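Asks: Have a look at this one.
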Amino acid sequence: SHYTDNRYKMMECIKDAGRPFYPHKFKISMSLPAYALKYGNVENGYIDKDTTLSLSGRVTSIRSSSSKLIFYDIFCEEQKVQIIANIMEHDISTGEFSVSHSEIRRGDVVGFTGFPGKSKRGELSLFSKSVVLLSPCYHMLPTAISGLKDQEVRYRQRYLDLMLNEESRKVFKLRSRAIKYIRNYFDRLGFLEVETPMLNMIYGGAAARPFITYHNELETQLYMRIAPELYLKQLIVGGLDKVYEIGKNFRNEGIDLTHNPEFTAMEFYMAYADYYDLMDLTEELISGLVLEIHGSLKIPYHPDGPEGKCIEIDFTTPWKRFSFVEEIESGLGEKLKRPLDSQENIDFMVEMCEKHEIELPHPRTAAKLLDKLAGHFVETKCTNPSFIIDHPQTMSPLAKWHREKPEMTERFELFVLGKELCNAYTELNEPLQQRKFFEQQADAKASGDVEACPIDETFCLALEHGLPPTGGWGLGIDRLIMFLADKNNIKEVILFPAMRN
Amino acid sequence: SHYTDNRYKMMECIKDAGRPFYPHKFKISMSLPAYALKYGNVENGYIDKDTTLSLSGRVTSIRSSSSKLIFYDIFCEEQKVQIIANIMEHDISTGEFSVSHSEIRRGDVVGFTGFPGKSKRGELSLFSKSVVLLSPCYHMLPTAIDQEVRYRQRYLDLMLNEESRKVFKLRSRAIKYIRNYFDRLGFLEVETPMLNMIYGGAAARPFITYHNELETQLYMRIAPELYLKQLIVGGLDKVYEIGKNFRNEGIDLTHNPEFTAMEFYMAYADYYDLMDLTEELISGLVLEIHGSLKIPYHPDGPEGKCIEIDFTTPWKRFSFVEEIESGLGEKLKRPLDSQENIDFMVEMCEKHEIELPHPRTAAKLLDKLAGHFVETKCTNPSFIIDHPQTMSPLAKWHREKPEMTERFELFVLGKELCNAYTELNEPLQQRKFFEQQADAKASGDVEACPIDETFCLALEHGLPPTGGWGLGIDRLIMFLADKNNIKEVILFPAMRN
Ligand SMILES: NCCCC[C@H](N)C(=O)NS(=O)(=O)OC[C@H]1O[C@@H](n2cnc3c(N)ncnc32)[C@H](O)[C@@H]1O
Ligand SMILES: NCCCC[C@H](N)C(=O)NS(=O)(=O)OC[C@H]1O[C@@H](n2cnc3c(N)ncnc32)[C@H](O)[C@@H]1O
Ligand SMILES: [Cl-]
Ligand code: NA
């Protein structure tokens, strides 16, 4: 592009002519938002020639109306301000007027000094005496994201999206706001926020394939964590009673509209809670947060982008419960075989998948087949926030056996519009069973289940020191933002999402 | 261990007799802190047989004073309560008195139900009618805190040693204060990728991993710097991030392979602004935690000697090259990255018995000299300033000093806490300095970073004048909590073997 080349040449001409080249420090008098706050309500034509002020931002517009007069718009911290540069007011010690302004291009980061007020037409303005080129833009910028080459430019060059698209900036402010609300909710309950390792000698705490790496000096392989669950429960053994953690998990899996290989999760562990308590807390936290952002519990959503239809999500509590096995059997019209992990039920579930054209998982463990059946018959019923509850033990190796239902656990997942938001349970705190389920996990992994975890002996030893009855819970922060901010693509709520190619 | 095997045998006998086996839910009437608050003032010997309460904690002591009377201490949420179990009050529907209590051991997590009050001797007590085993402990616990056990079994350290719990509460309080400092300034907290196609932003060897679906090698981030600056190009003006970095390097008293760093980027700041902010932020936090700017520190552990660290402002500044030349009694050769000065710095390291770096780049030699001559003088919080450009590939050239940059490091007791600078925002130079890093890496420098074209393209869209800054949260907690081992401030630190 000839434009980038010429700009470099211009900057070389500036630097070798002794003129301002990338000044180190520009001292603004106030922000542009502060400027609009102080001066936005003056009368049209008002100017305070007794006050000199320095302002800075990115040039979004240049218009020379005459040989004597140049109009700029600059933008900074969500505020636009017009600069009126009149040759009569020009500080000639900064160079001749026409030379000073010939160095400026739309998109440049620049400073101005001048008198505050309002043009006779009512535009909030600075009547400038000087202009300083702080940081030039070397590329021709479009006017909006609509002028970009493709819309993947928004994700690969996020600075362009943030520069040109106010809706993108709003998303990441909302994301911060929601996380603040969430922290405050648990801080007020007396929780302690902790950090537990993202480098693990043994990965665990979820059904997910890990990233593998290696520590040279300790001569050992490590896994990026797929979940903090196993460390956090050890803190409850240690007596901290209420802990939470907000941070990244790493899952070496495919990317789609609701999966990024790193994502932000919150987990908390509350001694003496069970999953009934956790269901009530989930409803209270999420509906409070929805109310905080939206002013009611019925919020809009565009499932096919904003050129599509607009639906309503109703967060009114209490939310519907679906029982895992019962809702599958209602969809099938017959019962699963018992025990659920028998070879007989495994064969039956295979024949049910092929009957209902459900893509088989690999390998064909009972847990993975149950999950496929659930995704087909149950998760698709979850339009408004719904709990899917009481998952079979065989697919929940860390959830405590259900106090009433054989073969099930005290577990729930929260689903919104068929997408999973939360995973939670009464915690398994019995070491014999826990060891047994770890062995079954290790067996599945050895059979090719890349989402099954190895046995963690350190964790079994911790349970032998006595984990109090405890309730635990995990939430996908990014997926929460998708719903709060009305995005159907997770790449909209992560600043630098993973991209192919 | 016979004790562990025997406890498994007890729990099977319990399960097979239909007796309580890991109850799913125990509803406490109130917490032990709440119980202490409500009844801790009643007269001695007082008892309210009209009020029945349920309490739970971990058993810390069992005294079976007679066949009819058993005293327990339970502990939960930092509060101890005594349980007085008299056979005449026992709910025999839960088992005969002797059978119910034969199932409990020290260290078990248990619940009790009974009447509130105070023993005649004046101890806050529950006069219990029942006991329920909630989660047994299968191991004999010591009265008190190898001491490497504290780090490999952190739950035992927390269970038994209040000081360990105090540290991690202090850590939380400190991070809260820091978030609040920047939130009130209008900063926006952000999250940038920990998996990187290209590592950069620091001098460190990365961890290497691999994403199978995309068939691409990846690095874990050594720092978020390059992404965060892209956010200032995007116009967010004031951002910060608090999270893990990953560095594939040796562990010692101040290094863990993952650690918690805070970085922030402030449009229109330079490094003099950032020095003033560092002073205000840190001294205010020290004063908040300690009630003065002079605090104790034990460099050789708690039984060793105790010194005083003084955070009174303004803090000392040391100029990087000038202080080295003071220590040498002679001047470095110019330019500092010429082969002549590289050879001269090698001579100076041999003369002063400073171990040589590999490879022997100007930058790493300069670092070794500074480590010997300048970092050692930083007892109280001190800024080392104006690093040569050759060791500062992302820092903007000094407005006055040739070959130097507008950079500082904060040191405390000879340990690095902060690294900050006026950000380089001129793309031509930045490309040149990335090319020199790539050359160093190709010559064997495993801490030099490859060229990141996506960052250079970002700078061509115009990065405002900006000041940026990183802090090692863990190392800060070390001084605030008076620990000389980074393993004391990280819940699950990395361990050898
Ligand atoms: N002891 C109770 C269980 C706690 C949570 C458990 N350790 C766990 O990790 N569950 S999870 O369901 O695998 O992850 C929690 C949430 O993370 C979200 N998640 C999972 N994978 C991804 C990906 N790849 N991107 C984004 N969000 C994701 C989703 O909302 C899940 O409900
Ligand atoms: N643009 C301004 C520069 C910002 C910081 C820069 N990106 C950076 O990473 N500097 S750093 O010095 O490499 O890391 C910041 C701090 O992290 C701390 N640190 C570094 N390595 C470790 C390790 N290994 N463990 C613990 N703490 C560590 C130490 O306090 C450093 O001052
Ligand atoms: Cl002393
Ligand atoms: Na309700």
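Ligands are numbered from 1 in the order shown, chains are lettered A, B, ... in the order of the structure tokens, and residues start at 1 in each chain.
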For ligand 2, return the neighbouring residues as an MDAnalysis selection string (distance at most 6 Å; only C-alpha atoms and all ligand atoms).
Replies: chainID B and resid 201:202 223 225 254:257 259 261 263 416:421 423 468:472 475
Asks: Which chains and residue numbers are within 6 Å of ligand 4, counting only C-alpha atoms and all ligand atoms, if I want them as a VMD selection string?
Replies: chain A and resid 316 to 318
Asks: Using only C-alpha atoms, I'd like a table of the residues in chain B that come within 6 Å of chain A; for each, show the closest atom pair and its distance in Å rounded to one decimal, ordered by chain and ascending number, as a tab-separated table.
Replies:
```
residue	atom	partner	partner_atom	distance
B:135	CA	A:466	CA	5.1
B:136	CA	A:466	CA	5.4
B:137	CA	A:465	CA	4.5
B:138	CA	A:464	CA	5.3
B:155	CA	A:238	CA	3.9
B:158	CA	A:238	CA	4.9
B:159	CA	A:238	CA	4.5
B:208	CA	A:213	CA	5.6
B:209	CA	A:213	CA	5.0
B:211	CA	A:252	CA	5.8
B:213	CA	A:254	CA	5.7
B:230	CA	A:159	CA	5.9
B:231	CA	A:159	CA	5.9
B:233	CA	A:159	CA	5.8
B:234	CA	A:159	CA	3.9
B:235	CA	A:163	CA	5.9
B:248	CA	A:215	CA	5.9
B:250	CA	A:217	CA	5.9
B:460	CA	A:138	CA	5.3
B:461	CA	A:137	CA	4.5
B:462	CA	A:137	CA	4.8
B:464	CA	A:135	CA	5.7
```
Asks: Write a file of the just-selected residues containing C-alpha atoms, as a PDB file, in the first residue's frame.
Replies:
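The new file again_19.pdb reads:
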```pdb
ATOM      1  CA  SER B 135     -16.397 -37.083  57.887  1.00  0.00           C
ATOM      2  CA  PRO B 136     -13.765 -39.131  59.770  1.00  0.00           C
ATOM      3  CA  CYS B 137     -10.050 -38.457  59.645  1.00  0.00           C
ATOM      4  CA  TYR B 138      -8.151 -41.632  58.816  1.00  0.00           C
ATOM      5  CA  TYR B 155      -4.591 -28.724  54.050  1.00  0.00           C
ATOM      6  CA  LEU B 158      -4.114 -24.741  57.220  1.00  0.00           C
ATOM      7  CA  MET B 159      -5.933 -27.133  59.559  1.00  0.00           C
ATOM      8  CA  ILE B 208       5.650 -25.155  25.216  1.00  0.00           C
ATOM      9  CA  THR B 209       2.344 -26.896  24.525  1.00  0.00           C
ATOM     10  CA  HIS B 211      -3.423 -27.636  20.434  1.00  0.00           C
ATOM     11  CA  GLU B 213      -7.471 -29.721  16.821  1.00  0.00           C
ATOM     12  CA  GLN B 230      -2.956  -3.397  21.752  1.00  0.00           C
ATOM     13  CA  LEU B 231      -5.859  -2.406  24.016  1.00  0.00           C
ATOM     14  CA  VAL B 233      -4.198   1.324  20.558  1.00  0.00           C
ATOM     15  CA  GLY B 234      -7.886   0.347  20.683  1.00  0.00           C
ATOM     16  CA  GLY B 235      -8.693   3.335  22.908  1.00  0.00           C
ATOM     17  CA  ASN B 248      10.061 -22.340  32.455  1.00  0.00           C
ATOM     18  CA  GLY B 250      14.480 -22.594  38.068  1.00  0.00           C
ATOM     19  CA  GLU B 460       1.478   1.077  12.951  1.00  0.00           C
ATOM     20  CA  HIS B 461      -2.120   1.970  13.859  1.00  0.00           C
ATOM     21  CA  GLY B 462      -0.792   4.372  16.512  1.00  0.00           C
ATOM     22  CA  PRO B 464      -0.670   6.828  22.177  1.00  0.00           C
TER      23      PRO B 464
END
```
Asks: Looking at only C-alpha atoms, which of B:125, B:379, B:65, B:51 is the one that sits closest to residue 32 (chain B)?
Replies: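 Using only C-alpha atoms, the shortest distance to residue 32 (chain B) belongs to B:125.
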Asks: Which value, in Å to one decimal, gives the distance between CA of residue 393 (chain A) and CA of residue 440 (chain A)?
Replies: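 Rounded to one decimal, the two atoms are 11.1 Å apart.
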Asks: Considering only C-alpha atoms, return as an NGL selection string whatever protein or nucleic-acid residues lie within 7 Å of region 405-409 of chain B, sequence-local ones (same chain, fewer than 6 positions apart) excluded.
Replies: :B and (271 or 383-389 or 395-398 or 416 or 418-422)
Asks: Which residues are near ligand 1 - at most 9 Å, using only C-alpha atoms and all ligand atoms? Format: as number ranges by chain.
Replies: A: 204-208, 226-230, 233, 249-269, 398-399, 411, 413-415, 419-428, 471-480, 490
Asks: Enumerate as a ChimeraX atom specification the residues within 8 Å of ligand 3, counting only C-alpha atoms and all ligand atoms.
Replies: /B:304-307
